[PDB]
Amino acid sequence: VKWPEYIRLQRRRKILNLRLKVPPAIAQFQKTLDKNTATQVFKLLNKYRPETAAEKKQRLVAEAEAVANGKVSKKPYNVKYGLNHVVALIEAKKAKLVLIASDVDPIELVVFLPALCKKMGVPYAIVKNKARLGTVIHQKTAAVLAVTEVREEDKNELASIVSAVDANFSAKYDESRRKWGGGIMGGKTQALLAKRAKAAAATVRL
Amino acid sequence: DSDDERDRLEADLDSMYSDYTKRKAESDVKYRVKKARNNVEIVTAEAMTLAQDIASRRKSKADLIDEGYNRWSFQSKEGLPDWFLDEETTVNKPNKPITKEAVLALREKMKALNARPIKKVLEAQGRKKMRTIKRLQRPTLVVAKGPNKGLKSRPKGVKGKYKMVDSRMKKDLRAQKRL
Amino acid sequence: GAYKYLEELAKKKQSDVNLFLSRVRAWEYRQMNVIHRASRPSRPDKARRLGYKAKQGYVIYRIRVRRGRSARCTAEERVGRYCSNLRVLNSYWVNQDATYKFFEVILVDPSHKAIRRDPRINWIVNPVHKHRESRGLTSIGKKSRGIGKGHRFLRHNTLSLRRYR
Amino acid sequence: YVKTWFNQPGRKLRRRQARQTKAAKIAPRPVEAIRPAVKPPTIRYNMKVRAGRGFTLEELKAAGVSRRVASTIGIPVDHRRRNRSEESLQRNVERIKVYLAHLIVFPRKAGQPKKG
Amino acid sequence: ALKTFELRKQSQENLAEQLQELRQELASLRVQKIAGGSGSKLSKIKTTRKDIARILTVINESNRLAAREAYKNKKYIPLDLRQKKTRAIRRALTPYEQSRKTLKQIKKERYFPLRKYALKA
Amino acid sequence: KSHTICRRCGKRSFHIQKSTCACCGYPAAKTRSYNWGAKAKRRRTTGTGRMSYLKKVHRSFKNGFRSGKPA
Amino acid sequence: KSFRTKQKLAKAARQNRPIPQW
RNA sequence: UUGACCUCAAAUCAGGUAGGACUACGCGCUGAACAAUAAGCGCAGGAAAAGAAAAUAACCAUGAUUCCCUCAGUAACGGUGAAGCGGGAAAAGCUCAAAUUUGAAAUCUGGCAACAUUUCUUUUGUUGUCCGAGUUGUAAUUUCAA
RNA sequence: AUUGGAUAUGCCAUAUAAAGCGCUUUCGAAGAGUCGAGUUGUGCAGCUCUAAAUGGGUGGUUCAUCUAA
RNA sequence: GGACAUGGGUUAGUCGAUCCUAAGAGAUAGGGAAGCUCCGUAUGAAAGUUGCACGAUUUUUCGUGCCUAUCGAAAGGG
RNA sequence: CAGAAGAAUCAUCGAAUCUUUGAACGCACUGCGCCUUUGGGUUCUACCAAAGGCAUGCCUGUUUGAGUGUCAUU
Ligand SMILES: [Zn+2]
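The name recorded for chain D in the PDB entry is 60S ribosomal protein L13, from Schizosaccharomyces pombe. The title line of the PDB record says "Ytm1 associated nascent 60S ribosome (-fkbp39) State 2". Under the UniProt heading Sequence similarities, the entry covering chain D gives this text: "Belongs to the eukaryotic ribosomal protein eL13 family."

Naming follows the PDB entry, where chain A appears as 60S ribosomal protein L8 of Schizosaccharomyces pombe. The UniProt entry for chain A carries this comment under Subunit: "Component of the large ribosomal subunit (LSU). Mature yeast ribosomes consist of a small (40S) and a large (60S) subunit. The 40S small subunit contains 1 molecule of ribosomal RNA (18S rRNA) and at least 33 different proteins. The large 60S subunit contains 3 rRNA molecules (25S, 5.8S and 5S rRNA) and at least 46 different proteins." Recorded in UniProt under Subcellular location, the annotation for chain A is "Cytoplasm".

Caption draft 1: Layout of the overall build of chain A. In terms of regular secondary structure, chain A is built from nine helices and six strands. Rg of the C-alpha trace for chain A: 23 Å, well past the compact-globule value of 17 Å for 206 residues, more than 25% over. Taken along its principal axes, the extent of the C-alpha atoms in chain A is 95 × 40 × 30 Å. If you sum the accessible surface of chain A, you get close to 12,000 Å²; carbon and sulfur atoms cover 54% of it. Side chains of chain A carry 40 positive and 18 negative charges; the gap between the two charge centres is 12 Å.

Caption draft 2: Broad picture of a nonpolar patch on the surface. Taken together, the side chains of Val-204 and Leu-206 of chain A together with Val-43 and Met-110 of chain B present a nonpolar region at the surface, about 380 Å² in accessible area. Mapped onto the elements of the fold, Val-43 of chain B is located in the loop between helix 2 (29–36) and helix 3 (45–56). Owing to a relative accessible area of 39%, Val-43 of chain B belongs among the partly exposed residues under this scheme.

Caption draft 3: Summary view of the protein's contact with RNA strand I. By nearness alone, 40 residues border RNA strand I, and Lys-13, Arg-49, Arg-67 and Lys-143 of chain C together with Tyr-111 of chain E come closest of all. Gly-116 of chain D has a polar backbone atom sitting 3.5 Å from a sugar or linking oxygen of RNA strand I. Looking at the surface near RNA strand I, the elements that each hand over two or more residues are helix 1 (2–9), helix 3 (44–49), strand 3 (87–96) and helix 6 (139–144) of chain C together with helix 6 (103–111) of chain E. The dominant element in the surface near RNA strand I, judged by the number of residues it contributes, is helix 6 of chain E, at three residues. Of the residues contributing to the surface near RNA strand I, the split by class is nine nonpolar, ten polar and 21 charged.

Caption draft 4: Looking closely at the coordination of the zinc ion. All names here are of chain F. Protein coordination at the zinc ion: the donors are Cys-6 (SG), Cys-9 (SG), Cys-21 (SG) and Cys-24 (SG), at 2.3 Å from the metal. Here the zinc ion is ringed by four donor atoms whose angles at the metal span 106 to 112 degrees, and the overall shape comes out tetrahedral. Positions of the donor residues of the zinc ion, expressed as sequence spacing, correspond to C-x2-C-x11-C-x2-C. Of the residues examined, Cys-24 reaches a relative accessible area of 7% and is grouped as buried.

Caption draft 5: Local environment of the interface of chain D and chain C. On the chain C side, the residues contacting the eight residues of chain D number seven residues. For the chain D and chain C pair, buried surface summed over both sides reaches about 710 Å², with 56% attributable to carbon and sulfur atoms. Together, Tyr-1, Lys-3 and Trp-5 of chain D form the three largest contributors to the area buried by chain D at its contact with chain C, with a combined 66%. In this structure, the connection of chain D to chain C is made through zero salt bridges. Scanning the region where chain D abuts chain C turns up four residue pairs in polar contact. Elements with a contribution of two residues or more to the side of chain D that touches chain C: strand 1 (2–4) and helix 1 (8–25) of chain D. Sorting elements by how many residues they give to the side of chain D that touches chain C places strand 1 of chain D first, with three residues.

Caption draft 6: Examining the packing of helix 5 (residues 83–91) of chain A against helix 1 of chain C more closely. One can describe the packing of helix 5 of chain A onto helix 1 of chain C by two numbers: an axis separation of 8 Å at closest approach and a directional angle of 90 degrees. The angle between helix 5 of chain A and helix 1 of chain C places the two elements in the roughly perpendicular class. Residue-level contacts link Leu-83, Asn-84, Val-87 and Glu-91 of chain A of helix 5 of chain A to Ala-2, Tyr-3 and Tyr-5 of chain C of helix 1 of chain C. Grouping the constituent residues of the contact of helix 5 of chain A with helix 1 of chain C by class yields five nonpolar, one polar and one charged.

Caption draft 7: Inspection of the environment of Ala-159 of chain A at higher detail. Turning to its location among the elements, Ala-159 of chain A is positioned in helix 8 (residues 155–170). For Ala-159 of chain A, a relative accessible area of 48% translates into the label partly exposed.

Caption draft 8: A look at the protein's contact with RNA strand H. The full set close to RNA strand H counts 134 residues, and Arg-145, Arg-155 and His-156 of chain C together with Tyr-96 and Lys-108 of chain E are the nearest of them. Within 4 Å of the protein, the contacting atoms of RNA strand H are drawn from sugar and phosphate to the extent of 70%. Between RNA strand H and the protein, one listed contact pairs a base nitrogen with a side-chain N or O atom of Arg-53 of chain D at 2.6 Å. Along the lines of polarity and charge, the residues of the surface near RNA strand H split into 37 nonpolar, 38 polar and 59 charged.

Each value, and the rule that gives it
Residues numbered from 1 in each chain as written, not as in the entry; some residues may be left out. Chains lettered and ligands numbered in written order. Part of a larger assembly, values for the part shown. Heavy atoms only, no water. UniProt positions renumbered as here; feature names shortened; annotations may be inferred. Helix = DSSP H or I, 4+ residues; strand = E, 2+ residues; numbered from the N terminus. Rg over C-alpha atoms; globule rule 2.2 N^0.38 Å. Areas by Shrake-Rupley, 256 points an atom, 1.4 Å probe, with all protein chains shown as cover. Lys, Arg positive; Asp, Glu negative; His and termini not counted. Charge placed at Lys NZ, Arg CZ, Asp CG, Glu CD. Patch = residues over 30% accessible without salt bridge, like charges linked within 9 Å, V, L, I, M, F, W, Y side chains within 5 Å. Salt bridge = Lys/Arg side-chain N within 4 Å of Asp/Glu carboxyl O. Buried < 20%, exposed > 50% of the residue type's maximum accessible area, 1.4 Å probe, protein only. Near = heavy atom within 4 Å. Polar contact = N/O pair within 3.5 Å; in protein donor to acceptor, adjacent residues only side chain to side chain. Nonpolar A, V, L, I, M, F, W, Y, C, P; charged D, E, K, R; others polar. Donors = N, O, S within 2.8 Å, 3.2 Å for Na, K, Ca; no water. Tetrahedral: all angles 85-135°; square planar, octahedral: opposite > 155°, others 65-115°. Contact = heavy atoms within 4.5 Å. Buried area = accessible area lost by both parts, 1.4 Å probe. Axes fitted to C-alpha atoms, helices over the stretch in contact; angles between N-to-C directions. Parallel < 35°, antiparallel > 145°, perpendicular 65-115°, else oblique.

In structure tokens:
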């Protein structure tokens, strides 16, 4: 078998990130929110999607016609997105729930967010894929989402989601996110490495 | 299974690399012939410069230990796969300074007992000497007159080192003698 | 803003996070070619402050140059030759190991309309900015030739004879 | 390498033409801006008074000019220079105040839509 | 010699037929010269050659103007129809692109433009 | 024979064995120029040929590189 | 002998041509 | 199973762009024997480079750059050889990154379609619409003089 | 003919807009394998090590000045 | 006169070249190098000119199976 | 000289033509190909000709894909 170079790079990077010792700030992203709660998170998030580019123009031209003939509204409620915008919201202590993508490509973009969210007192969760967050906000990718205000109808729903994240993500893991990650080896890998280690330690010290 | 799919990926990565290193070595004629047929051994000059410093007390042992906490010591190699380590040593290897004294000491260690015996010091010296011996055994005045007047290069019927005279340089010759 | 956290996080280049990522990315960059396209900057904070905007016409190219002339100056000159239809805006440092120093070079397409219609990058479309990297007019090129204001940094041997002297 | 000055008369006339070309572009207004008065920085020269670069932000403010309209009416601004003594401040305030009294400012054309 | 304005008032098929008959006339006159001609025949060689050029010019001009009509108000037109000043001029910033300013610089010139003033001596 | 006609510069300086002209440097893209050969440059520089296009650019500059037809 | 050398030899033999008398 | 995204490819894919010449002046690199020189190499323009102080000075202070005169064969270094001040030429200032637009990505390329426009059927845009780029950040706002 | 910046004048103008100045019981982000230290070459570069926040640079007898990457 | 002048003269489906390969050279992949450039020739290349075949057309959005440079000879091969 | 009778070996110049090469670009250095379309002749599944195409690096976009890369999906 002869894999292409880019396919070989992909799979080696997968194994390499496992064998190495991942620091606690980077290993906490290996432990994401469970599948049930993530579904409930995105149910609430999909009631606050920002309006589409067509739907916004549809609304604006509707109001433009009214003034063109002859002529006050409510504050829009939606989900907050954008790394700089969300980080500014967390430092402002305005965010109620921060949802960090688990595979942001340069990981240091989000590596401080769990600590910043815990410093400011914001309930946060790490959810799977940057594309699920992107889907909510009509983008291809969202490194992080945040909820600051919801309608009075969904105040009780958000209070249930926040408790579930607290019970299933923060109360859980917790100590597991303070431990260096990695070093995971296959079923037969330690035995092979033990033979290699004892052979090397015998006389192969140069 | 997440674990089982992980385990077979490591096996495939390991096995394909071993195939690559095998067929890469097969290009060597000597390697093919070779296949057809706790301690430590200081053999690297880098280690010898270090070993000399510890023994000679020039560099304090406590300072050496502190100098060992650097960017490279914290890049641990415990358990990494061969396809990763092999390139890491080839590329990510810190190049420590090298002293001539360790170079001499390594040459002394590498000096075998029969490296320079009586024959290899006498006939080997003899063959070079006799070779050099076989290697070792292995102006005309022209007057610028007649057809030789106004020449620019080697004239007709003149070979080897030669000198040209025109009877006008006689005046300069006498003046030079008087000088 | 997250660009403050990235700036202060890139200051500690041997901490646990920054040392783990340095090796992982250094091996990754070694698998690829010596000069390969970078889809996005690995340091969005540093590229941003060096002139890079995340729009069409801005290009990032990653290059590794052997250690042991400035390595950064070599990085821009090798990339600019490789991508000859672009202009070398600036460059920065991303990673390094015992053999290589890794750089990312920000280039700009002078034939793109998003560049030619941008009043803040129009200056690079004029022909006098042809190969800034080659003439020592980049940030590292200026430094390598001592261009600066202070005392730290043909009128001598010429004889100036006036009409009435 | 010998430098010659055979184009010294040619250079002098070219600059006089360049001054003339400036006046063609901008006729009712002077071909030079108004420079301030400053004192040279040495014990050898501090008795004298020469022309500086621009009027400090305090000299403009004391005179009554803002730093935005100063360049429009031809008054250079020097953000670097400062007034360490009242003597330098009062000297350059009157240099501007004489300038403003001797200045004619032609009105521009202001666009104004149908409604407000 | 055929008058060019008369040629421009005719159709291409008529022009092609005249070109064919002019080429036959030129071929015969060349044959007569190499077989022994006279003063009149040698004078007719250059006149016919210049007339063939006139026919080809008119046909080519009509073809190009037909192409320009088709590509009028198109974003992309054939290269030989585009401008050719110099390679550098074609690559320079257009006057619209050059004159583009930021909103910051637009507000500066709108509120603080360079005034017209005068100093009383 | 040790030299043949170079296709680029038309001089009988194309070395048979090295496949390289000694006058211009063909097949290299850049022509062979050497400042110590000051007379060598003036023998084959601009102006030693038809210079047909450059004369057209020189003539078209005065009117502003205009196009179109008159009235 | 290619076309090229045939034309080169022809022009070489056309250079040493007697001058026209007019 | 179906689908999102990341990365990487392919096309005689839609539209572009690079090369070579000249090289007096200009900017880099390299560099001898006897000179930031010649040669060699790279890269531009009608000028290039420099340029709005991590600058001088020790004054009653000066105020981007460039060039000229002067400083001055002076100080310093040990024959080499400046610079601050001073006189003059010309003068013009500024743009970003780092701020949450968050009561609304307000930003932009391209296709198609009309409409104008032209040194010009050759140029350059506008208006509409659609697909995309973009939240891993495009506009407005701010650049410490604030 | 082809053009430039003005002047006069017509039409249009998305001003629910934009700006200067002045006031503050409210705030004010400032560029890192960079500076620097050590060493080896010719301020600059390589190598090793590698920062700070009234911090840092450069001058002068604590002060002055400046605000790099 | 092999000089000069003026004209004329070389006709191929079967003769040679054209095609193939030889030692070697050589671009491409990648890697060096401040650099003019050098190493490298199936090398850790996604290396297929319409690689090939199959199918009542497959949720009228393609599924299944198979196999996996060029130059260099007017005396070599044809 | 002959010959011809808006002339001209005229000027200007804004429209065109511009063979083979050359940065030289289908591959080679007398040649050898491929792709699209059109045309001919005692004459048509053959042969021939003509026109328009086919270099490389890179940028923006488009379409088509690959991945035991990251996931979602009662
Ligand atoms: Zn040649």
